[PDB]
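Residue numbers (the UniProt record's numbering), protein chains in the order written: chain A, 10 to 85; chain B, 4 to 191; chain C, 2 to 58; chain D, 1 to 135. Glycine is no exception: its CB is placed at the ideal position from the N, C-alpha and C atoms. To start, the structure under review is shown below, and the notes come after it.
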RNA sequence: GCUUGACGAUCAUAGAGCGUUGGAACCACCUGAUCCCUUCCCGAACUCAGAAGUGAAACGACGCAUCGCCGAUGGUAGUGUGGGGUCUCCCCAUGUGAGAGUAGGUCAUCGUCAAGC
RNA sequence: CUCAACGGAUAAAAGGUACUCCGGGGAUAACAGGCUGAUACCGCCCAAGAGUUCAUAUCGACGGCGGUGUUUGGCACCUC
RNA sequence: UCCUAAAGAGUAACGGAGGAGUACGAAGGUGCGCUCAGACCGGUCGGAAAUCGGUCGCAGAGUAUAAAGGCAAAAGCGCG
RNA sequence: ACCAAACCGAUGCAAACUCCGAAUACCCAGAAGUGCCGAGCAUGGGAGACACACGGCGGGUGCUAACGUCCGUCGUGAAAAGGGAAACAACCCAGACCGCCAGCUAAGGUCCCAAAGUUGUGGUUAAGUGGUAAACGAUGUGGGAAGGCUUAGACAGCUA
Ligand SMILES: [Mg+2]
Ligand SMILES: [Mg+2]
Ligand SMILES: [Mg+2]
Ligand SMILES: [Mg+2]
Ligand SMILES: [Mg+2]
Ligand SMILES: [Mg+2]
Ligand SMILES: [Mg+2]
Ligand SMILES: [Mg+2]
Ligand SMILES: [Mg+2]
Ligand SMILES: [Mg+2]
Ligand SMILES: [Mg+2]
Ligand SMILES: [Mg+2]
Ligand SMILES: [Mg+2]
Ligand SMILES: [Mg+2]
Ligand SMILES: [Mg+2]
Ligand SMILES: [Mg+2]
Ligand SMILES: [Mg+2]
Ligand SMILES: [Mg+2]
């Protein structure tokens, strides 16, 4: 009947773009259910949050069947 | 049916709008089977005589690019929607042997006296026009004559009723459909 | 070679971005002519601020 | 009048009315048409004032198509009401016209009986509408 | 490169449909279920013991653009900065430039060994 | 600890003033002005029709474009 | 949770629409298996519809709970 | 003789609909030049502010009404004088250290108030348009490209 009541905007998005250099446990993408899949050396935590495990450069490559988006980190 | 052209070595948006107000020209292209596409300027006055002609759409037109001559058939008319006038033309080279689909007008030649008109309630409603073609360019169908002087009331006309004379096919019969053409019904 | 430029408009109603393209060339005020080393990245600043300038060669 | 049967929502934004009309500017069914050369918006009672003008200057036959359909609800606040206590109720329905759009089509009549019939329907519409033929 | 298997590379120009075709090597159906083992019932599936038969089915190759899928050139829509006008909308200079549609394409291309030439 | 006035004044809290009072404010209302014209008012375009025939002697349904600031408003720029 | 929100984050209105103040000792872990809805044909008391068999499917089903974003190593279903 | 799923063909439209899809804006790296001699970051001392205003471009609301009102982003006022718009915080031009009876320019201008062309060239417009306004009406006029008939006699008028 009356309607205000929004929420407080959880600050999602994609950090660490296509040519960065990452540390051991950085946050790559704050996902909301797998826009991006776990590529070569990344983690996929509890609420589908991609994080690194090794060092290098982010790739953002599209692979395979289903055309899914794979975030791999390359030792380069 | 004859028209002469030029070369148009200036592309883009800005150079393509100065043509239409300074010199009154219309852009075009000539793309075909064995050659490259070639852009072209034409005048708005000379296309106006051809577009006013009846069967000029389903007909071979010669083109003088420079002194270059080519038998050219027209399949597009981009047209200005607001005021109403011609924009760029986009026609086609004609090879002496190629399959060459195009579009053909209709006429409905004999409907002054029909069985549904003079006996029953008289209405004839033309649904379709501009039926396509798929024919070698050695024989050009300028038009197709359809006769509805004998079809009674309550009957419709499919595409199988009218015919395509002397080596002409119909693409809609090459698919699994047969579109209705004309109806005869009762007025209200 | 080089090319000389001439600041022919004022800087006091402009953006925060054209006002730094002109300062990157080295122009301080109106009717002030400098020489630039005509690299591909020094003539990229000229293409932004083309209307404040008189590129008289 | 002409309005949807049921709607997924109830009220809608205003928006704008930009651009020309590239799809909608070609005559498809009839052989004469009344296309619109000025932008505006039609309020679904003007359509019935213009339909009932064409359907009594013929009285013999022909066939009429109505190419445009209003689906955009508009609001109106009541009187002696200050501003800001919500949003007003839906009073009527609006189609949005932009230059080139074809409004009515006719066929099965003469070339000049129809020409003086769209003169009647143009005097009920708030737009500058022209006369066009099938090619 | 040709033959069949295994594992990949690349994800439709590699798909679907139709047609055609293969053995005694491979593979598949097949024969039994006593002996492992299995079925909310059932040797269907799972598994074991095998070589009576077959290439039907399946599976590979080989053809067809009929559906699908890719897709030019030109024009057009929109838009950054600077100016305009009759200023709820557009226009000029300049940089940028789709989507849709058209001409046409497509019955994929490779790599690693093991058994065949 | 429905401390839900959800960063939570205290273990523990309802109302009247036309008998009124002090400090302020045109950061804010009622009167008149200002900008606006939905409404109001005088008009004008198509003309189904009735005026026994005959749309325009007089009216004119369905709808459309303007003018004046005259009353019902909208806003809160001036003056507490 | 969505829209306004201008293709990074953020962002107002007494702006348009909806939900929560919980369940669960398996509705958790693991190993092993397995696919939907719907249409249609045939089949006794059911019949537009129950259970069974069949082809067609190509996720249009499902997700303890709103909507959004997801799901074939199925994040969906069964067993130890 | 009404009606009507579903399917085929043509045909339109959504802020809470997407098979698609830019310009810009954002990030990170590698370089040349310029920075008024610094631009950045960190630690300390001292504050003021937390009533905003208009204009341009995207929007909500409103009647796509208000110098209305709530946002996004640049600009000006606030805290900026000078020249222009007759006078006109917020629009165009340009940012005042002081002195000069010195010169060249910007927007705006050049008959007289009023500083500078009664300048040159090619046409238009007779209404004081210029120097306020809509549907709509009309042998106003200038230009353009096509037509319709015509010395076999057209169009007008005068006679049957
Ligand atoms: Mg300043
Ligand atoms: Mg394209
Ligand atoms: Mg008393
Ligand atoms: Mg007092
Ligand atoms: Mg006040
Ligand atoms: Mg005040
Ligand atoms: Mg965003
Ligand atoms: Mg943005
Ligand atoms: Mg679960
Ligand atoms: Mg599994
Ligand atoms: Mg959208
Ligand atoms: Mg405060
Ligand atoms: Mg405040
Ligand atoms: Mg204000
Ligand atoms: Mg205010
Ligand atoms: Mg100074
Ligand atoms: Mg001088
Ligand atoms: Mg003087």
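Residue j beta carbon less than 9 Å from that of residue i
i	j	result
residue 114 of chain D	residue 106 of chain D	yes
residue 46 of chain B	residue 68 of chain B	no
residue 149 of chain B	residue 171 of chain B	no
residue 123 of chain D	residue 104 of chain D	no
residue 80 of chain A	residue 37 of chain A	yes
residue 146 of chain B	residue 59 of chain B	no
residue 108 of chain B	residue 128 of chain B	no
residue 92 of chain B	residue 79 of chain B	yes
residue 42 of chain D	residue 126 of chain D	yes
residue 76 of chain B	residue 144 of chain B	no
residue 27 of chain D	residue 129 of chain D	no
residue 12 of chain C	residue 54 of chain C	no
residue 124 of chain B	residue 156 of chain B	yes
residue 190 of chain B	residue 67 of chain D	no
residue 23 of chain A	residue 39 of chain A	yes
residue 89 of chain B	residue 82 of chain B	yes
residue 43 of chain B	residue 85 of chain B	no
Residues bridged to residue i [DSSP beta-bridge criterion]
i	result
residue 76 of chain D	D:89
residue 101 of chain B	Its beta-bridge partners do not exist; DSSP assigns none.
residue 46 of chain B	B:28
residue 25 of chain A	Partner(s): none; residue 25 of chain A has no beta bridge.
residue 51 of chain C	According to DSSP, which records beta bridges pairwise, residue 51 of chain C is partnered with nothing at all.
residue 129 of chain D	D:36
residue 150 of chain B	B:113
residue 66 of chain D	D:104
residue 82 of chain B	B:89
residue 34 of chain B	B:95
residue 20 of chain B	DSSP, once it has assigned bridges, lists no residue as partnering residue 20 of chain B.
residue 135 of chain D	DSSP lists no partner for residue 135 of chain D.
Same chain only: Cβ atoms within 8 Å of residue i, ignoring 5 sequence neighbours per side
i	result
residue 27 of chain A	67, 68, 69
residue 88 of chain D	75, 76, 77, 78
residue 54 of chain A	60
residue 71 of chain D	3, 4, 93, 95
residue 85 of chain A	65, 66
residue 161 of chain B	181, 182, 183, 184
Sequence-distant residues of its chain with Cβ nearer than 7 Å to residue i (five each side left out)
i	result
residue 56 of chain C	4, 6, 47
residue 26 of chain B	none
residue 35 of chain A	25, 60, 61
residue 109 of chain D	58, 62
Sequence-distant residues of its chain with Cβ nearer than 6 Å to residue i (five each side left out)
i	result
residue 21 of chain D	98, 100, 101
residue 117 of chain D	54, 57
residue 41 of chain B	33
Discussion item. What are the residues in the region 115 to 131 of chain B lying within 9 Å of chain D by C-beta distance?
Written reply: 125, 126, 127, 128, 129, 130
Item to complete: Mind checking the region 54 to 77 of chain D against chain B and listing, in chain order, the residues whose C-beta falls within less than 7 Å of any C-beta there?
Response: 61, 63
Worksheet item: Name the residues in the region 1 to 25 of chain D whose C-beta lies less than 8 Å from a C-beta of chain B; which are they?
Response: 20, 21, 22, 25
Worksheet item: Along the region 108 to 126 of chain D, what residues have a CB closer than 9 Å to any CB found in chain B?
Response: 108
Worksheet item: Looking at chain B, which residues of the region 27 to 40 of chain D have a Cβ within less than 9 Å of any of its Cβ atoms?
Response: 29, 31, 35, 37
Worksheet item: Got a sec: which bits of the region 89 to 110 of chain D sit with their beta carbon under 8 Å from any beta carbon on chain B, in order along the chain?
Response: 99, 100, 107, 108
Fill in: Near-chain D residues of the region 85 to 118 of chain B (beta-carbon distance less than 9 Å), N- to C-terminal order
85, 86, 87
Worksheet item: For the region 50 to 80 of chain B, which residues have a CB atom closer than 7 Å to at least one CB atom of chain D, in sequence order?
Response: none
Worksheet item: Taking a cut of 9 Å between CB atoms, which residues from the region 169 to 190 of chain B lie near chain D?
Response: 190
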